[PDB]
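Only one structure is covered here, and it is reproduced in the block below.
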Ligand SMILES: *[C@@H]1O[C@H](CO)[C@@H](O[C@@H]2O[C@H](CO)[C@@H](O[C@@H]3O[C@H](CO[C@H]4O[C@H](CO[C@H]5O[C@H](CO)[C@@H](O)[C@H](O)[C@@H]5O)[C@@H](O)[C@H](O)[C@@H]4O)[C@@H](O)[C@H](O[C@H]4O[C@H](CO)[C@@H](O)[C@H](O)[C@@H]4O[C@H]4O[C@H](CO)[C@@H](O)[C@H](O)[C@@H]4O[C@H]4O[C@H](CO)[C@@H](O)[C@H](O)[C@@H]4O)[C@@H]3O)[C@H](O)[C@H]2NC(C)=O)[C@H](O)[C@H]1NC(C)=O
């Protein structure tokens with residue numbers, strides 16, 4: 001699905017959605033295939049802490065008609 | 001690479017047919033076909049799922065079945081042939097209506113039920129005394145090496161219902177005709193009316209080459225493929241007839257099966273190049289009386305590997321409404337090419353190649 | 001009509017079955033199947049002394065399966081005594097218990113009978129019935145029947161016998177010709193052997209109907225290939241019991257040789273044999289009646305056949321059969337054990353046809369000139385050319401009669417074929433008799449244009465006469481006729497695969 005990824009957005013789970021959007025940069029991690037993204041947290045996460053984040057992705061062309069051909073009456 | 005995939009569906013009126021015809025199925029399986037055996041009446045039978053074909057080849061060894069199970073129907077089989085699938089049909093005196101209807105769509109006319117081919121002069125000595133088991137001479141066999149095999153064949157035994165090819169349909173192939181004395185009629189009932197098939201008009205085996213190149217073979221006799229005929233010796237009842245150790249049924253059956261399943265005679269057309277002489281690219285428009293070079297490449301499928309075609313009779317045409325120029329294409333450098341001067345009349349001309357030969361796939365190219 | 005046996009062991013089949021039994025031994029079970037199966041057919045082992053030693057070496061006293069196979073195989077072998085320990089006797093008796101399968105009871109009881117060890121037959125039956133109540137499968141039931149055949153008559157075998165009616169109902173029928181269980185050929189052959197063997201020992205006739213037994217044997221013999229030793233042994237036992245038993249003997253009746261062309265000899269010979277192809281020499285045969293297919297009236301009745309060697313022959317020189325098909329009803333009499341004793345066979349009488357007084361003539365279509373007729377007779381071909389054209393028509397007249405009797409004949413096939421010598425085309429016409437039974441054919445060029453496609457030329461003329469009953473079909477070149485149709489006032493499709501004519505372009509000349 002990496003080729004078909006139209007957009008990626010990350011925001012922290014909080015009331016301040018407008019300000020909770022996180023900066024994301026495309027990154028390549030050595031030795032591992034596939035696209036990766038580096039997300040900068042608003043505050044550093046110290047040992048033993050947790051945070052909740054929401055990741056949204058949109059893919060294009062991932063739905064393929066089957067059967068390929070239909071008549072006027074036939075459904076999709 | 002086989003033009004038709006190995007997936008084959010076999011329809012049997014009775015399961016016992018597989019045992020009786022073990023030799024034919026084993027020879028087919030040895031060639032890498034993936035056979036699946038289902039009863040012809042079985043409800044689960046289906047050919048098309050979601051617009052795709054479940055099977056590439058269909059063999060209907062179900063002469064007596066009145067109706068097909070599940071969704072299989074004469075319309076469905078017709079669509080399947082249009083898709084390019086190869087179909088084999090075997091008939092008998094018990095022929096049900098669907099088989100006759102299928103022949104009607106293909107232009108091969110089966111005779112009425114209970115009729116049989118009667119030959120009083122060439123019937124085998126082993127016949128029950130009804131003169132319906134006829135020893136078919138190899139002379140009637142069609143003169144097509146690709147379809148029937150180059151090798152010579154011994155006399156073949158046929159017992160079944162005669163069929164007549166429709167004159168109107170050009171594509172019909174008279175693979176095996178009956179003897180001059182043979183005719184199709186009800187044996188018990190006297191011949192008041194004119195026979196449905198008389199003399200050499202009667203057809204025992206016929207083939208069809210569709211415009212899409214689908215191939216279907218109709219056999220009058222299911223028993224012809226039976227193991228019993230394959231091993232049985234043949235001697236004509238009439239006096240002075242030699243006795244042959246083995247029949248030619250097995251060898252002929254193998255050759256026909258190869259032809260139906262696109263194992264022989266398959267041809268493909270590759271890139272065609274035209275340009276002005278001395279030029280490497282085609283001009284947008286040519287001038288009057290200019291000299292141009294035309295090149296095309298054709299291939300043949302041998303043993304599943306494409307190779308340069310050896311055909312020497314290929315003819316090129318330059319046409320506007322009627323053919324202004326026609327000439328043979330020379331075989332040079334693995335390609336067929338010719339150089340000629342354009343006519344003095346301007347217009348929207350088309351280059352045409354129409355190499356259609358008996359038993360081979362029909363090739364048409366237009367630029 | 002009673003059902004005739006459709007499958008049986010022919011003389012070739014019985015020998016092939018013996019070969020299938022006569023295979024090298026690989027295990028005690030193999031020895032039991034081969035040796036016992038041959039014994040049932042009456043065949044012997046060439047190396048019987050070696051076979052007994054082989055059983056002795058492989059016999060394990062602590063294994064029930066070995067004991068059963070060794071005991072039966074040794075019993076089949078002559079004088080094949082094998083040492084048995086007391087511990088073996090305890091093992092066989094212990095095997096017969098409520099906590100062991102019916103199959104186990106069968107092996108233990110059979111082993112005891114073969115060795116001759118004493119057994120408590122009543123106790124063995126009590127264990128067998130108790131296990132059989134849970135083990136209601138067909139295979140368990142058949143083994144129980146065999147166990148009863150080994151148990152003493154004092155035991156209450158009636159309970160075991162009652163299963164036989166249940167099994168017969170449980171049989172699956174293919175419709176009027178075959179009866180077999182779902183388990184296949186092996187179960188049917190064993191069941192027939194068990195039913196006959198148990199019933200013979202008990203002294204009561206099998207309850208199975210004679211027609212049902214005929215169907216059951218047909219299923220057993222439907223397939224003539226026995227791949228495994230077990231299949232051969234079971235079938236051999238079934239054939240042996242059927243061949244000779246106290247109640248039912250299947251009577252196979254078939255005509256020897258082809259009766260289609262019987263007119264040459266006018267002798268009918270019928271083979272009468274059992275399922276093993278052994279002729280029933282003690283039987284007597286008679287032709288109950290003979291009927292004509294055409295009218296259904298009897299022509300002969302109550303004429304007895306004579307035993308001539310193996311076959312039964314009936315002479316009918318006195319009666320001059322007319323051309324046609326006749327059906328003979330024959331009955332086998334004598335031993336009461338015979339089943340399916342009545343068989344119906346169809347014989348055909350042939351004759352030869354003579355064509356005489358054929359006159360080939362040409363007539364002026366307007367009738368101004370009297371018809372010109374040239375007399376011809378088969379096979380002498382007509383001399384000279386006959387013209388059929390816009391002015392003169394052509395006609396054929398011939399009479400068909402039986403050579404032997406001179407009666408009028410109407411052959412099923414009577415066609416006139418005109419073959420174009422140059423093209424090779426053939427045109428076939430059907431000739432029909434008139435009221436007087438003289439065939440008349442007329443050729444009119446103007447009307448017949450559609451049939452010939454108005455294709456003029458010389459055509460060889462042939463007479464085709466044939467019928468199923470006719471000994472001598474005739475294809476005669478009667479004459480040569482030239483047909484000239486009216487000249488046409490004014491085809492390339494057939495050249496589907498040919499080079500087309502070369503076409504060139506004529507460039508305009510320079511000024
Ligand atoms: C406006 O639009 C109109 C609509 O199209 C245009 O009208 C068209 O004009 C073209 C050009 O003239 C016509 O084609 C020509 O027609 C000629 C007359 O037709 C004869 O053909 C009949 C054939 O009958 C059957 O033939 C076969 C049988 O199997 C079958 O396939 C076919 O379908 C048909 O049923 C024949 O019986 C009658 O005689 C007819 O009169 C016809 O002769 C021309 O054929 C020529 O040319 C064509 C190429 O165009 C070749 O394919 C032919 O083989 C043949 O070629 C020979 O003649 C040429 C000149 O005629 C030469 O250049 C060739 O080299 C070659 O030479 C040989 O023959 C010469 C004599 O013919 C000899 O001198 C030589 O020595 C050689 O032997 C051609 O078909 C269309 O018919 C016509 N269509 C209509 C609907 O009317 C009109 O032009 C437009 N107007 C303007 C101003 O633009």
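Here Cβ is always computed from backbone atoms with ideal geometry, including for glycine, and neighbour counts include all displayed protein chains. Taken together, the values in this text are just the output of simple stated rules run on the coordinates, not laboratory data.
For (1) surrounded by fewer than 19 Cβ atoms within 10 Å (Cβ to Cβ); (2) at the interface with chain C (Cβ under 10 Å from one of its Cβ atoms); (3) not in a strand (DSSP E or B), each residue gets a yes or a no:
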{"residue": "B:143", "(1), (2), (3)": "yes, no, yes"}
{"residue": "B:161", "(1), (2), (3)": "no, no, yes"}
{"residue": "B:175", "(1), (2), (3)": "no, no, no"}
{"residue": "B:187", "(1), (2), (3)": "yes, yes, yes"}
{"residue": "B:205", "(1), (2), (3)": "no, no, no"}
{"residue": "B:217", "(1), (2), (3)": "no, no, no"}
{"residue": "B:224", "(1), (2), (3)": "no, no, yes"}
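Taking the stated definitions as given, is residue C:444 more than 14 Å from every other protein chain (Cβ to nearest Cβ) and surrounded by fewer than 16 Cβ atoms within 10 Å (Cβ to Cβ)? Yes; evaluated as a whole, the condition is true for this residue. Give the number of residues within segment C:489-511 that are surrounded by 10 or more Cβ atoms within 10 Å (Cβ to Cβ) and more than 30 Å from residue B:144 (Cβ to Cβ). Count: 3. Taken over segment B:341-353, the criterion of being crowded, with 16+ Cβ neighbours inside 10 Å, within 16 Å of the ligand (Cβ to nearest atom) and more than 9 Å from chain C (Cβ to nearest Cβ) is satisfied by B:349, B:351, B:352.
So which of B:89, B:135 ends up being part of a strand (DSSP E or B) and more than 30 Å from residue B:38 (Cα to Cα)?
On the way: B:89 fails: more than 30 Å from residue B:38 (Cα to Cα).
After ruling out the rest, the residue left standing is B:135.
I'm checking my understanding of the structure. Among residues of segment C:476-511 that are under 21 Å from residue C:448 (Cα atoms) and not in a loop (DSSP other than H, G, I, E, B), which one is farthest from the ligand (Cβ to nearest atom)? Steps first, please.
Taking segment C:476-511 as the starting set, the residues that turn out to be under 21 Å from residue C:448 (Cα atoms) are C:478-491.
Imposing the further condition that a residue be not in a loop (DSSP other than H, G, I, E, B) reduces the set to C:478-483.
Values: C:478: 40, C:479: 38, C:480: 34, C:481: 33, C:482: 30, C:483: 27 Å.
The qualifying residue farthest from the ligand (Cβ to nearest atom) is C:478.
Of all residues in segment B:288-340, count the ones that are in a strand (DSSP E or B), at the interface with chain C (Cβ under 10 Å from one of its Cβ atoms) and either within 16 Å of the ligand (Cβ to nearest atom) or in contact with a helix residue (DSSP H, G or I) (Cβ under 8 Å, 6 or more places away or on another chain) (or both).
9
Does residue B:113 satisfy the criteria of being in contact with a helix residue (DSSP H, G or I) (Cβ under 7 Å, 6 or more places away or on another chain), surrounded by fewer than 19 Cβ atoms within 10 Å (Cβ to Cβ) and away from chain C (no Cβ under 14 Å)? Break it down into steps so the answer makes sense when it comes.
On the way: in contact with a helix residue (DSSP H, G or I) (Cβ under 7 Å, 6 or more places away or on another chain): no; surrounded by fewer than 19 Cβ atoms within 10 Å (Cβ to Cβ): yes; away from chain C (no Cβ under 14 Å): yes.
In short, no.
Residues in segment C:105-120 that are surrounded by fewer than 22 Cβ atoms within 10 Å (Cβ to Cβ) and more than 19 Å from residue C:55 (Cα to Cα): C:118, C:119, C:120. If I ask for residues that are surrounded by fewer than 16 Cβ atoms within 10 Å (Cβ to Cβ), more than 18 Å from residue B:199 (Cβ to Cβ) and within 14 Å of another protein chain (Cβ to nearest Cβ), which ones from segment C:452-488 would you list? Passing the criteria: C:471, C:472.
When segment B:116-132 is filtered for residues that are surrounded by fewer than 24 Cβ atoms within 10 Å (Cβ to Cβ), more than 7 Å from every other protein chain (Cβ to nearest Cβ) and not in a strand (DSSP E or B), the ones remaining, listed by number, are B:122, B:125, B:126, B:127, B:128, B:132. Regarding segment B:269-279, can at least one residue be identified that is loosely packed, with under 13 Cβ neighbours inside 10 Å, under 37 Å from the mean Cα position of the chain (by Cα), within 14 Å of chain C (Cβ to nearest Cβ) and farther than 30 Å from residue B:141 by Cα? For segment B:269-279, residues loosely packed, with under 13 Cβ neighbours inside 10 Å, under 37 Å from the mean Cα position of the chain (by Cα), within 14 Å of chain C (Cβ to nearest Cβ) and farther than 30 Å from residue B:141 by Cα: absent. Criterion applied to C:386, C:394, C:429, C:398 was being within 19 Å of residue B:191 (Cβ to Cβ) and more than 14 Å from every other protein chain (Cβ to nearest Cβ), and the one residue passing it is C:398.
On the basis of being in a loop (DSSP other than H, G, I, E, B), out of contact with any helix residue (DSSP H, G or I) (no Cβ under 9 Å at 6 or more places or on another chain) and surrounded by fewer than 10 Cβ atoms within 10 Å (Cβ to Cβ), does residue A:49 make the cut?
yes
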